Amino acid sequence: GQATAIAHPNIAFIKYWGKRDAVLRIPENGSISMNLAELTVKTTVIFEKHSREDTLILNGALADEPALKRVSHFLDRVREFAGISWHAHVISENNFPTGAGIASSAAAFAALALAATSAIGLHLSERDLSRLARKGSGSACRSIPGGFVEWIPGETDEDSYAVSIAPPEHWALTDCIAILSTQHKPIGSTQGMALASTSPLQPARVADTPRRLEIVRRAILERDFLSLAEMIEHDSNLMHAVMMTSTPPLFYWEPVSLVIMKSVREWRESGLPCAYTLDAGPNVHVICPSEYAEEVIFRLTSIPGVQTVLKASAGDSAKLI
């Protein structure tokens, strides 16, 4: 059996940081994100005759050990579930600008979940596909549904999954991603959030998340940009507050990251609707209503140290092709 699927990465408005269960990737708190339409990972899976091990090809080129074992552990779960035991070849390609530092694990494992299961015979619901991708990478469960998506955190494998809050056409928002010229290789999200419990501030951050989800959920449903802008910056800062107060500390910000954050707030306060948010790295995602995207990109491009700015709109669910 063989199948091919595509999926988009997503930008979290309310962040996932810290696991309640390491192996199942049940998060400590819920999260909300938006799919990025112009960024895509395409993956084909082919289970085979008498193959005794899986093999992974990422962008025409062969994959390294860690990436393979990740993908093979994930395919093990798809085997137990389908009652089959064939191994497979996995061919994935992404249109991500090279050296941008756009994390791919969410899109990667959302496309794998959809391609692997469908190639092996199953027809999982969106909700069960979300639960499946979650076990590859937490944030992958949010790229299974389309548009603006909420991860319901839960306390069990059955209870932790994502659902669409609103389709992409509900709100014309754009994510302008400032790629930072100078950036090295920061500690990975998995390793980084495993340290969250060393932070004196993580329990309070986690306890407070329902307040933040409720504000962002309503802001998306009501198309209330100011309420969203202030909360996504607040929420980004709460995550980075925990990172910077972990032991050892995780300082994902670059100096230019600081300039952009301060500028974005200044732009909004002087009449340009926009807001920043950052993941586990120095690039800055600037969310704005799309009418303002070209003004936001202009100002961003003018900031010394900004290598380039990518433009992205709200994307759809993962899909078989």
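Counting begins at 1, following the sequence as shown.
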260 to 268 or 36 to 44, whichever carries the higher mean Cα B-factor: 36 to 44
Of 126 to 134 and 202 to 210, the one with larger mean CA B-factor: 126 to 134
Top residue by Cα temperature factor, when 216, 172, 103, 244 are compared in the entry: 103
Maximum C-alpha temperature factor, selected from 85, 197, 236, 143: 85
Modelled-residue ranking by C-alpha temperature factor, third containing residue 148: lowest
Relative C-alpha B-factor of residue 117, binned into the chain's lowest, middle or highest third: highest
CA B-factor ranking of residue 192, expressed as a third of its chain: lowest
For residue 228, the third of its chain into which the C-alpha B factor falls: lowest
For residue 28, the third of its chain into which the C-alpha B factor falls: lowest
